[PDB]
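Chains, contacts and geometry: an overview
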Amino acid sequence: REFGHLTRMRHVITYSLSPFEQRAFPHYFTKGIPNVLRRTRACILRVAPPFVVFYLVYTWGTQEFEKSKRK
Amino acid sequence: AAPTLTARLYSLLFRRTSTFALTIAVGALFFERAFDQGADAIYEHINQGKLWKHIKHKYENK
Amino acid sequence: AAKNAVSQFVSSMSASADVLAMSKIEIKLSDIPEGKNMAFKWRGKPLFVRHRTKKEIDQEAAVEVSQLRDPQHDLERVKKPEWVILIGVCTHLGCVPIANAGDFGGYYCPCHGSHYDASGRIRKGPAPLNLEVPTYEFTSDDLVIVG
Amino acid sequence: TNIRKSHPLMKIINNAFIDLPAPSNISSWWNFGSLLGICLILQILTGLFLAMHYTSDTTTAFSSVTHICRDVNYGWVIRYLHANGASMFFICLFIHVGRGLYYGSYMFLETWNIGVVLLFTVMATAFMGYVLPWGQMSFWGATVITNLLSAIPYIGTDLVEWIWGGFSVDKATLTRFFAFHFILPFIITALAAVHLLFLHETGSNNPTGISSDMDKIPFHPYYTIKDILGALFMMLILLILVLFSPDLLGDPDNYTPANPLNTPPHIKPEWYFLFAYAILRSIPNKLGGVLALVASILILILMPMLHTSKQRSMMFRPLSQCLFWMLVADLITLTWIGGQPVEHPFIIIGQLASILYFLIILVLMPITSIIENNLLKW
Amino acid sequence: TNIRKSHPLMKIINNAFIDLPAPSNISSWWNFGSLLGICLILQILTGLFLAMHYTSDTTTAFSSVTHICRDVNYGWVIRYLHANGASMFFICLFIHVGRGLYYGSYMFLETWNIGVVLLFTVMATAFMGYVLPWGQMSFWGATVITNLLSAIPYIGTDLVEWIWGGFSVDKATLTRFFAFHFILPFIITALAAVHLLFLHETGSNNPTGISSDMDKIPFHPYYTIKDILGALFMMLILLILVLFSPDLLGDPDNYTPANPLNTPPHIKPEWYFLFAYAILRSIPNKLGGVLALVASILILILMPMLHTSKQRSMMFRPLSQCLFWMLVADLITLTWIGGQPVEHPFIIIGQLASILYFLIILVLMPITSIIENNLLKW
Amino acid sequence: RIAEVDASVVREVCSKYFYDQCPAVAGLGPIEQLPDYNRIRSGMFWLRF
Amino acid sequence: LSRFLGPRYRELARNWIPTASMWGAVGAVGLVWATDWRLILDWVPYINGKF
Amino acid sequence: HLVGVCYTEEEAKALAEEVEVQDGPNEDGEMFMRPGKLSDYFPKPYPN
Ligand code: HEM
Ligand code: HEM
Ligand code: HEM
Ligand code: HEM
Ligand SMILES: COC(=O)N(OC)c1ccccc1COc1ccn(-c2ccc(Cl)cc2)n1
Ligand SMILES: COC(=O)N(OC)c1ccccc1COc1ccn(-c2ccc(Cl)cc2)n1
Ligand code: FES
């Protein structure tokens, strides 16, 4: 696995700019803030509902531990 | 042209090299307990009456 | 190079001893009053050793097999009723506390409130077994060898 | 005539770190492999110091450790670098395994199987380092291993006596625990070079699960500067836990010395063993509990065989993403239960969560991938 | 489909030990390279035992070693395996260097230069292991190094104080000598893998000095069975010196404990340092004596530059063979002089033999090769 | 004669003629990669059976 | 599953189960002197192997 | 260390229960005397 022996490709053109010709910080809060809100919305219904059920079991488990030692 | 006794068990156990893989385990005996003939009978013969289990009947059941 | 160089590297890390006379064949004399358990770190745990009375085997025999789960008593394990040997190991976790604290002569575990014997017997849960005695025999006048 | 392509030693380094083809869309979750190599080197240049000034016996172990924090110069900083540096190793290891589980990296079969060996070796090492300071948590945590290790029906009673130095708690117990702790970190360093040699045959996986041979970039300078930045952020978190709260990850009862003096108010290990202590404690049989302890780590080897999806990773599988985060929330429950006393609500919870950890991996994950296969018309 | 030619780990072993092309006329002098690898492994699995039961302080060092021969089980056999196993390493090292000097193996420049580094590292290691038992020879032998180490005109007085633990003879002296002795044998193991990787680029030299690419044989089974037979003959000699005379190579005065109590009847190191102690003792200046000590080992690096013969080895050079055995007889003289007191006949002899060791290598050997070049009409 | 040959007969006759036997070898160049006779002779006996 | 199905798979495993006690009993004799298995050294009266 | 070389273990303890050396302390008291406890080095003559 060396660089000129990897795969076969035809009819593809790429254009690039030098790092000394561009800004290292482009649009940061103009593009970046609405981008990290799209990514948060796209994954919130998959990750979060398991950790809500851990919270409800934890509260029921510490409260029914203290309503056993009381009288 | 009768041969000598070097056809040991070559046609019987040693051809298919099944013996050779496990001579650490299977073909491993005859050389610990059969060598009570070895060093301990020789070492106590050079040192007769000098080890502790030679001078032993003098000091029990007194 | 299989049995005389592998299996022969044996005696420093095994039950064979660099303490070849441990303390059990040492001449043990009773510097101990009754009701006093000293923390004897002799093969690990404090071995429960003190005097004995004639009244002693009458209180453990007043509570019979109908209490227990794995029944064995004083005459089963001990040589004669003038001596006692235990280990300080709970059979699930591994501790019973300091002496002179209990109901009438046990060692009440203050972990969450269970109780245990001065002769190795189950009282409360949640441990399954009974306390283990080490193996030895009787030989002598006063030459005790516990092990 | 290029010297880094023709010198016999330099061309090994060039193929491994400089001219190596790498995918261009590699995320920050691929940073934690070189972080594990930083944490392992750091635990070696800090375990040098502690074993120098050390004596391991039943009479002096608890005081040999208190000598370093007060009397031995620069000993308070190096001791708590070592105790928190092992908590850092275990958080970088659970992120690393969960990455390869999520993106289907276990399809690299030889690399995945050497990894499962590496997870066993660091877990057994750290168990034999917490027994060395000899406090209450060192004693009662070691003496619940041997109850399930003497439960081996034939060889177990002579196995524990051979590793306890010879009888029980004594002087030479901490000469076989200490021997099994000085030398096990160096088998890990040799198992890590073999671990990377198998990955070099295919290169890396990427978050899409599709092969990336048309879009490779060199490793230098793109991921050499990205791995240096991620390592600097790890040293900031580690030195904050050492210089501002060096006892946050720990137990005060292990400052009470070891003796069979009295039963402790509780028994609990460090945080990275609390999921495993919760499983064996919910089995009322010392043979069934030692089998489910080994079956909670060696279950990772069945992950190549249980795969039924036509895709490799979980990026395009929304029903499987829900099950992955149910498994993470199940390991949080077992870490909490394993530091609780054995009472009424923490036995029915701690034993249903032990069941659901095996039900997700074996049954629920292979059926759900088949259901997603039918919905995409293959 | 041959698995030993295509598996990523098995094909490294196959190219190194099994299918490696080797000359067919290789002698028994080529056995001592794998013998050095057996002696280094043996000194690691025996130094495990000694550092386990050890305490290194000015009050208990002499008794920590006497505890092992009597009280520690199997400690008399393992201690004298370690003290005679280091004498075995040094006889297999002087044969090895004299082989490569005789047959012109120093023309493999990169392999020869890593070897000179390996000769320095084992010499400094064994010096810091004889100071550990703390007897009369341990004290007075260490305190003649620091007289020539404080003779460094700028940094030397703070150099010796940084390695003596902090002042002088004290508790912490043997915490920096012991640290510099536990870890130096593992730099040797990594320097030996690099040493063989450079030899693999050319293969081996042979006793004729002519390239042997038309007459190669595989390494297995011809030299795998020949290296096993030679290693069995080495274990016979080592176990004879351990089980029949374990104090033959040693000094009784190092059983007298260390104290500045009284000046000893003599001062002498082990046999493999007696050639070096004889050279510095014949220079009445503690800076000229520390320069000629380092110039007696680092002179080996000039051997590629001083070569003036048209042939490679010494098999066909009868005038050069006479000079090689004059050099061996000169090192026998220095080993005898270095165990003698500093009196009348042993100063004129010990300082003329120090001169002739440098006169043979630098002056007499390059001129004699040129004379033999003219006699063969080239 | 052909009809009375089966798989156990073939295993018996091939073990009689091939297994732990010394072969005769001939080679005509370029044959530098032809293996050594010790490696050819050890290829006649098997490892696992 | 028809993964490893076939009359060929247990035909080579038919002729190897005589020498597949070289898998299990060889492990049983491979742990006689590597372990010092105490109560199965009296498998024979022959091994009084330690004093 | 004398047992099995030139003495059996009785004939050995009696030579240790013949010299009197100083043991450690005990509470309700101070430094007391208790002779040979079967594992004791041979007694030095000089205190310094
Ligand atoms: C001491 C422990 C470990 C070290 C030093 C280590 C090191 C590394 C490194 C440097 C990489 C390449 C960079 C990366 O992708 O992060 C890697 C990748 C990988 N590791 Fe580990 N690792 C360790 C433990 C483990 C464990 C416990 C597992 C699994 C059970 C594992 C499985 C993998 C896999 C599958 C990959 C390739 C992932 C991919 O490319 O998608 N490793 N490891
Ligand atoms: C994978 C690497 C390592 C891990 C995970 C690890 C883990 C640990 C742990 C958990 C402790 C207990 C600290 C405490 O409870 O206060 C410890 C301390 C200790 N470790 Fe390690 N360690 C590692 C490397 C090493 C090395 C390389 C050595 C020896 C050279 C070593 C020897 C010791 C010693 C002697 C202690 C003494 C107790 C103390 O000083 O706190 N460990 N280590
Ligand atoms: C720990 C120390 C050493 C080890 C393990 C070691 C190992 C080896 C081995 C295995 C070989 C190949 C087999 C042989 O020809 O004997 C070899 C060859 C060689 N060694 Fe060493 N060696 C060590 C020290 C040295 C030293 C001190 C020198 C020289 C100053 C040296 C120079 C050479 C040379 C020049 C060769 C090639 C000789 C030839 O093929 O004619 N080595 N070494
Ligand atoms: C190249 C390898 C080695 C060499 C040449 C070497 C050499 C020596 C020497 C000359 C002694 C003095 C013995 C005596 O005078 O009675 C010694 C003892 C000692 N060595 Fe090593 N050794 C090596 C490997 C090791 C290793 C790997 C360790 C630690 C893991 C180690 C640690 C010690 C210690 C602590 C002692 C003192 C115990 C004693 O004096 O008996 N050495 N060694
Ligand atoms: C830092 O050390 C501790 O937390 N230790 O041990 C001193 C401790 C202390 C108190 C109570 C329990 C423990 C240990 O609890 C567990 C639970 C599972 N493992 C385990 C160990 C090794 C392997 Cl391979 C696999 C699993 N250990
Ligand atoms: C086994 O140890 C001894 O023989 N040691 O040292 C405790 C001893 C004991 C008494 C007197 C002298 C010595 C040492 O004499 C020499 C003479 C030369 N080196 C030397 C050391 C390191 C290096 Cl790199 C190069 C040369 N050492
Ligand atoms: S005493 Fe251990 S659980 Fe009750």
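Residues numbered from 1 in each chain as written, not as in the entry; some residues may be left out. Chains lettered and ligands numbered in written order. Part of a larger assembly, values for the part shown. Heavy atoms only, no water.

Its PDB header names cryo-EM as the technique used to obtain the model and reports a resolution of 2.37 Å.

The name that the PDB entry assigns to chain G is Cytochrome b-c1 complex subunit 10, with the source organism given as Sus scrofa. Its PDB record names the entry "Cryo-EM structure of pyraclostrobin-bound porcine bc1 complex". What the UniProt record of chain G gives under Sequence similarities (unreviewed entry) is the line "Belongs to the UQCR11/QCR10 family." (UniProt positions renumbered as here; feature names shortened; annotations may be inferred.)

Per the PDB entry, chain D carries the name Cytochrome b and comes from Sus scrofa. For chain D, the Subcellular location (unreviewed entry) comment in UniProt is given as "Mitochondrion inner membrane". Quoted straight from UniProt, the Subunit (unreviewed entry) entry for chain D says "The cytochrome bc1 complex contains 11 subunits: 3 respiratory subunits (MT-CYB, CYC1 and UQCRFS1), 2 core proteins (UQCRC1 and UQCRC2) and 6 low-molecular weight proteins (UQCRH/QCR6, UQCRB/QCR7, UQCRQ/QCR8, UQCR10/QCR9, UQCR11/QCR10 and a cleavage product of UQCRFS1). This cytochrome bc1 complex then forms a dimer."

1. Focus: the site of ligand 3
All names here are of chain E. The full set close to ligand 3 counts 19 residues, and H96, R99, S105, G115 and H195 are the nearest of them. Contacts to ligand 3 include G33, whose backbone N or O atom sits 3.3 Å from an oxygen atom. Of all the secondary-structure elements, those providing two or more residues to the shell around ligand 3 are helix 2 (32–42), helix 5 (76–102), helix 6 (109–130) and helix 11 (184–199). Top element by residues in the shell around ligand 3 is helix 6. It accounts for 5 residues. Among the residues making up the shell around ligand 3, the classes are represented as 10 nonpolar, 8 polar and 1 charged. (Near = heavy atom within 4 Å. Polar contact = N/O pair within 3.5 Å; in protein donor to acceptor, adjacent residues only side chain to side chain. Helix = DSSP H or I, 4+ residues; strand = E, 2+ residues; numbered from the N terminus. Nonpolar A, V, L, I, M, F, W, Y, C, P; charged D, E, K, R; others polar.)

2. Description of the interface of chain D and chain C
Counting residues at the interface gives 25 residues for chain D, matched by 23 residues for chain C. Summing both partners gives a buried area of about 1800 Å² for chain D against chain C, and 56% of it is carried by carbon and sulfur. It is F167, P260 and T263 of chain D in chain D that bury the most area against chain C; as a group they hold 27% of the surface buried on that side. Scanning the region where chain D abuts chain C turns up 1 salt bridge. Here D170 of chain D makes a salt bridge to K41 of chain C, at a shortest N to O gap of 2.5 Å. Scanning the region where chain D abuts chain C turns up 4 residue pairs in polar contact. At the level of secondary structure, the elements contributing two or more residues to the side of chain D that touches chain C comprise helix 7 (136–142) and helix 9 (156–163) of chain D. For the side of chain D that touches chain C, the per-class residue count stands at 11 nonpolar, 8 polar and 6 charged. (Contact = heavy atoms within 4.5 Å. Buried area = accessible area lost by both parts, 1.4 Å probe. Salt bridge = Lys/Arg side-chain N within 4 Å of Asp/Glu carboxyl O.)

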